[PDB]
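Methodologically, a virtual Cβ is constructed for each residue, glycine included, from the backbone with ideal geometry; neighbour enumeration extends over all protein chains shown. Laboratory data are not the source of any read-out in this text; all were calculated from the coordinates shown.
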Amino acid sequence: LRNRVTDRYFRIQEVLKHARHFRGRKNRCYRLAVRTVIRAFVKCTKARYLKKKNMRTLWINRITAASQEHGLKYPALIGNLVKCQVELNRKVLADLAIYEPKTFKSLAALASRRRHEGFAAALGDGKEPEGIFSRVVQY
Amino acid sequence: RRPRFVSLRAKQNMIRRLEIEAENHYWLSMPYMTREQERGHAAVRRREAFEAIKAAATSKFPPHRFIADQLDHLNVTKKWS
Amino acid sequence: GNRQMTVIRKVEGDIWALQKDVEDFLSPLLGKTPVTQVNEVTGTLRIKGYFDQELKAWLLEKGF
Amino acid sequence: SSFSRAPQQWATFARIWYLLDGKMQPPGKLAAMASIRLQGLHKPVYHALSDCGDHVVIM
Amino acid sequence: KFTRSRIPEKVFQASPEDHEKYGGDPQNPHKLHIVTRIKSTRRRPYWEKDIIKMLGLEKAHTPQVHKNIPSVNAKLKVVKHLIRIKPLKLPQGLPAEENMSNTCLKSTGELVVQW
Amino acid sequence: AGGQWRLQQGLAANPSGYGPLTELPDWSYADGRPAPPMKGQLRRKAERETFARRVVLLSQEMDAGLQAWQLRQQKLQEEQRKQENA
Amino acid sequence: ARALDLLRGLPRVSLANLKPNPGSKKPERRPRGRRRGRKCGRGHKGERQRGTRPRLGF
RNA sequence: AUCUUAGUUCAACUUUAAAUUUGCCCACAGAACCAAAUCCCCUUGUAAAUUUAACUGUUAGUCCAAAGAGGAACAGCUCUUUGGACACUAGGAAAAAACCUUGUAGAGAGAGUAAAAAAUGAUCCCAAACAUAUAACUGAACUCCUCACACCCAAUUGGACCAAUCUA
RNA sequence: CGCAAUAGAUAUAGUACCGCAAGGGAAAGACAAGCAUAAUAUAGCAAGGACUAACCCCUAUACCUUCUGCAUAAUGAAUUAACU
Ligand SMILES: [Mg+2]
Ligand SMILES: [Mg+2]
Ligand SMILES: [Mg+2]
Ligand SMILES: [Mg+2]
Ligand SMILES: [Mg+2]
Ligand SMILES: [Mg+2]
Ligand SMILES: [Mg+2]
Ligand SMILES: [Mg+2]
Ligand SMILES: [Mg+2]
């Protein structure tokens, strides 16, 4: 024997250290620890996309709940806050709904106002003066 | 099973694309020049660009070598005293 | 089989001066500055293209 | 609102008993409302792992 | 078989009804096309992948400018279903050697100076 | 999400497109002096600059082509008059 | 000269400092890893891989 | 082509290094007497192509659209041709290699979109429901945003690093 | 710039043992897996996102090799250490 790996121990522990918290024989037997650790890291990588998707769907749910508390669906709130040129995103809308109820009450009132302005305008004949909140501000 | 039941959303998506491409049809039935007018107006730029490509392709060669780089490798034993 | 080159080999002293001189001397002939390599360690100047006779004459004129 | 810690925490996550009549109502609509309320999907503070569900009483 | 498509010229003939439907004019046409890609080159024949690679339209929407001359239209008539063409509008004229670094392209297709 | 409405009002479909949100300086110093601009703004200025230079270059080439055609029409339609004498 | 002046302010030359001229000692290739060796370059099954293909010119 | 179809050699395709200048797209013109399109080039959009030196590897694949020949114009049938996809990423149609959407790659607890919902025989039915509150919203690794970038194919090929041991 | 007790000779030995026989032919000496301390609690390639919180929620069709891709279609692996 001319050359023999003298440090296989550390190469094993580099992979077992990530498996101490697993369950079964696959937290101390390398042949199984490797496969499950690799699956673990692949899921760890692939899960960030789902993290973003899930937080966004949670925010949409919370905003739907808050907006329904004020007699106003979620399509209306977002599709008529932007028509008032307020670029509040959904994370901060959810935070406002939970932690600042009256500010969210005002935002819902603003959305309902703009919705009514839109309905009144479209109901009319022609280009009668625009609604007091429906006036765009240009850059 | 094999047949499908084309929805309304799909119809609306297809009509959106159809309208975009009809606008494309319109913006292509009026060219600024004609076949004969355009001929040659870009020749100078094309020739110069291809000459740039040629001069790039015909410049490959090994990089220089300096004595300083070779002697710098003696620094791998620099000591305090 | 297609890369032609010439080498001026036993160059001693500042090889960069010789590089500038050779570039000046050859640039009119080729219709462009000739690509070159300088190996300041071995002391050689390598030049793309075949210019052996021209360079021999030129190094004769300057008295080498 | 300046409530202490524990009282605030209790106030926010508390359970609320919602009555819901059903006379001449279709089962599906009552089911939709009951599903939303039982799950906790009417609370801006909702989450799946927080057990914010409420009580529903359909008579 | 499946083959390249030669579009009859009859389609590329603006009518008196089309002209007032888009902001155009038969006389005094428009210099430059602003073109964007709104569809994938994948799942389409190679003689469209190459055209798109040639017009600089490799990336997605990312608008790009081209001349309005038939030598380029012949290329855009092959990829007309993977692109949106709009006419560039210059209501302030070509910029000078000053105002090159302070331009902006609005969504309506107008190039303007200093936002 | 009102991209349809935003494009119907001459705005960018994407609020993170061009607007006060994306290109105004996100911060200044406390005293008031401005901050070294952000990388994204530099890159967008460079790309818009290249777009403008390409626009002017193509337009110039097309106009010069029209003028060249005019010159050729002159020197082929009129130089035939030089054969209408003697 | 010029280089001989450089050597004066560098450390002493010894067998701890030498080096090969760059570009001379091309690195070696061994079939280990996911690139060099999974089939080690010999291809799919077939007499090419086993090292039993006919004589040169057959 | 092969006592050959479980394989080999040549070609085609792939890779590296090197030389040079045209390569691709392409209107008008042009290609026979007995329908789709194809060939060929001026320009134009492009930046690639040919040549040389040196090696390995793959080779008679599946599905879908189309035109044919064989079996009905069927038997999910053998074969030829044009194209696409797969054997590479991701999202949809329920699960889903082959349909639709989408590619060049990292971090974000930001944003805009793409495709995408049905109408009126044999163990155990199979999401639950809903006729009428204004059409928009939801929806990706596509795109934008702040920062960073060599950091998502098999066979093969090129390159940058390197664990441990011996010797100077 | 030879090995150092699975290497180096097969070797502590051509002994023990196998074969009627020719013949074959060993082993070894100086906190790895497995368990206990401490059995388990709806749910499911046994993980990931996480979370105040271990489970509960959402996502998620094992690995190698061979066939055009293979839900495991088939072949191989109880597991550790050494040698390959
Ligand atoms: Mg999204
Ligand atoms: Mg070797
Ligand atoms: Mg031609
Ligand atoms: Mg991208
Ligand atoms: Mg021994
Ligand atoms: Mg032995
Ligand atoms: Mg142990
Ligand atoms: Mg099974
Ligand atoms: Mg078995």
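Some values worked out for this structure:
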item: Flag for C:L59 being over 17 Å from B:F61 (Cβ atoms), more than 9 Å from chain B (Cβ to nearest Cβ) and within 12 Å of the chain's Cα centre (by Cα); result: yes
item: Residue check for D:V56: without any contact (Cβ under 8 Å) to a residue 60 or more places away in the chain, touching a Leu at 6+ places or on another chain (Cβ under 7 Å) and of a type outside the set (F, W, Y); result: yes
item: Residues of chain G that turn out to be away from chain B (no Cβ under 14 Å), surrounded by 10 or more Cβ atoms within 10 Å (Cβ to Cβ) and aliphatic (A, V, I, L, M), as a count; result: 0
item: Single condition A:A94 does not satisfy, out of (1) farther than 25 Å from D:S50 by Cβ; (2) of a type in the set (A, V, I, L, M); (3) more than 9 Å from RNA strand H (Cβ to nearest atom); (4) within 23 Å of the chain's Cα centre (by Cα); result: (1)
item: Residues being more than 9 Å from chain A (Cβ to nearest Cβ) and either loosely packed, with under 13 Cβ neighbours inside 10 Å or part of a helix (DSSP H, G or I) (or both) - total across the range D:26-54; result: 16
item: Filtered residues of the range B:7-43 (kept if within 14 Å of chain F (Cβ to nearest Cβ) and in contact with a helix residue (DSSP H, G or I) (Cβ under 9 Å, 6 or more places away or on another chain)); result: B:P31, B:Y32, B:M33, B:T34, B:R35, B:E36, B:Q37, B:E38, B:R39, B:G40, B:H41, B:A42
item: Tally, over the range A:22-55, of residues that are within 15 Å of ligand 1 (Cβ to nearest atom) and over 22 Å from A:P101 (Cβ atoms); result: 7
